[PDB]
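In what follows, a single structure is set out as structure tokens and then discussed.
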Amino acid sequence: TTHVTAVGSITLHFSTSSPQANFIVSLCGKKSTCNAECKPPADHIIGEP
Amino acid sequence: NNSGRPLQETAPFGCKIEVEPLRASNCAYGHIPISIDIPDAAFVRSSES
Amino acid sequence: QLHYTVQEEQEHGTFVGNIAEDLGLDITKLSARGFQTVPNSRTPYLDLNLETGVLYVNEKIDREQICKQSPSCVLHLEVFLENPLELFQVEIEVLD
Amino acid sequence: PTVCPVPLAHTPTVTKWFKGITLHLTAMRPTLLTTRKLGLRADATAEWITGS
């Protein structure tokens with residue numbers, strides 16, 4: 001959830017497994033589309049699933 | 001002299017083997033369906049959001 | 001590790017020390033941690049009191065027999081607890 | 001039953017490449033190493049190791 005006001009912005013963080021982001025995001029019930037290209041990762045081994 | 005290695009080091013899907021009583025703990029396989037019923041008081045009608 | 005001294009000619013349980021008090025581990029809780037004497041220990045002459053952590057004297061001390069086998073007249077003893085596990089050492093010396 | 005103390009070995013160093021690792025080990029007496037895979041197949045190993 002977030003806190004909202006008259007005019008403003010907000011940053012959110014996400015994770016993905018596709019070479020380009022093409023999803024839809026809903027806030028308060030309203031929809032919007034996002035698209036760009038996504039680079040392959042740098043490190044080789046990490047400690048998370 | 002020819003026992004081999006125990007089951008705590010061969011079990012697939014990464015499980016924990018514990019005794020008294022016999023059980024396998026924290027395995028990770030397959031999908032689970034869930035139905036849930038939510039109380040009515042937790043919904044807030046649209047004229048307030 | 002720990003060091004107490006006992007006098008000659010004791011009479012079955014005068015006093016030696018207070019282990020739990022000097023080690024800081026508190027009373028009223030050690031009754032459940034598993035306070036115990038180690039089987040590889042326990043000279044015949046001394047006895048424990050698992051409730052109030054004090055050291056007895058069991059049978060009368062005899063310098064002739066006690067350090068006819070270990071010339072430096074000393075006595076060894078250990079205790080251990082659980083949840084989580086510990087191991088402590090105590091030494092007693094016979095004076096004159 | 002009683003309690004007993006036991007030694008702890010020397011922490012190893014790891015090197016990372018594409019889908020793999022390499023462990024640089026040190027042991028002045030025999031020691032044990034065990035690995036397994038977290039999927040449907042296990043592929044267990046076991047070995048006693050001496051040296052570097």
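Naming scheme: A, B, ... for chains in displayed order of the structure tokens; residues 1 onward per chain; ligands 1 onward as shown.
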Select, as number ranges by chain, those residues of chain D with any atom no more than 10 Å from chain C (distances computed using only C-alpha atoms). D: 1-5
Expected file: the selected residues, N, CA and C atoms, as a JSON list (two decimals), in the first residue's frame:
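Here's the written file out_1.json:
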[["chain", "number", "residue", "atom", "x", "y", "z"],
["D", 1, "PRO", "N", 25.26, -40.93, 29.19],
["D", 1, "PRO", "CA", 25.53, -39.87, 28.22],
["D", 1, "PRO", "C", 26.15, -38.62, 28.83],
["D", 2, "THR", "N", 26.99, -37.96, 28.04],
["D", 2, "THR", "CA", 27.69, -36.75, 28.47],
["D", 2, "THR", "C", 27.95, -35.86, 27.26],
["D", 3, "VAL", "N", 28.86, -34.90, 27.40],
["D", 3, "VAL", "CA", 29.21, -33.97, 26.34],
["D", 3, "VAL", "C", 30.71, -34.04, 26.07],
["D", 4, "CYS", "N", 31.08, -33.74, 24.83],
["D", 4, "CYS", "CA", 32.45, -33.88, 24.34],
["D", 4, "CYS", "C", 32.78, -32.74, 23.39],
["D", 5, "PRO", "N", 34.00, -32.21, 23.44],
["D", 5, "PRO", "CA", 34.42, -31.17, 22.49],
["D", 5, "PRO", "C", 35.15, -31.70, 21.26]]
Name the residues of chain A that come out as strand (DSSP E) in a backbone DSSP run; write them as JSON, numbers by chain. {"A": [20, 21, 24, 25, 26, 27, 30, 31, 32, 33, 36, 37]}
List the neighbours of residue 37 in chain A out to 8 Å using only C-alpha atoms; skip same-chain residues closer than 3 positions along the sequence, and give me the result as a PyMOL selection string. chain A and resi 19-21
Compute the set of chain B residues within 12 Å of chain A, using only C-alpha atoms, and express it as a count of residues only. 4
Determine, for each residue of chain A having at least one atom at most 10 Å from an atom of chain D, the closest pair of atoms and their separation in Å to one decimal, counting only C-alpha atoms; order by chain and ascending number, as a Markdown table.
| residue | atom | partner | partner_atom | distance |
| --- | --- | --- | --- | --- |
| A:43 | CA | D:16 | CA | 8.6 |
| A:44 | CA | D:18 | CA | 5.9 |
| A:45 | CA | D:16 | CA | 6.6 |
| A:46 | CA | D:16 | CA | 9.8 |
Nearest to residue 57 in chain C among C:1, C:69, C:7, C:41, with distances taken over only C-alpha atoms: which residue is it? C:7
Distance filter 7 Å, only C-alpha atoms, chain B against chain D, as a count of residues only: 5
CA of residue 38 in chain A and CA of residue 17 in chain A, how far apart in Å?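 Calculated distance between CA of residue 17 in chain A and CA of residue 38 in chain A is 9.5 Å.
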Fewer than 2 positions away in the same chain doesn't count, so skip those; otherwise give me all residues within 9 Å of residue 60 in chain C, counting only C-alpha atoms, as a ChimeraX atom specification. /C:8-12,45,57-58,62
Quick one, how far is CA of residue 14 in chain A from CA of residue 39 in chain A? 14.6 Å
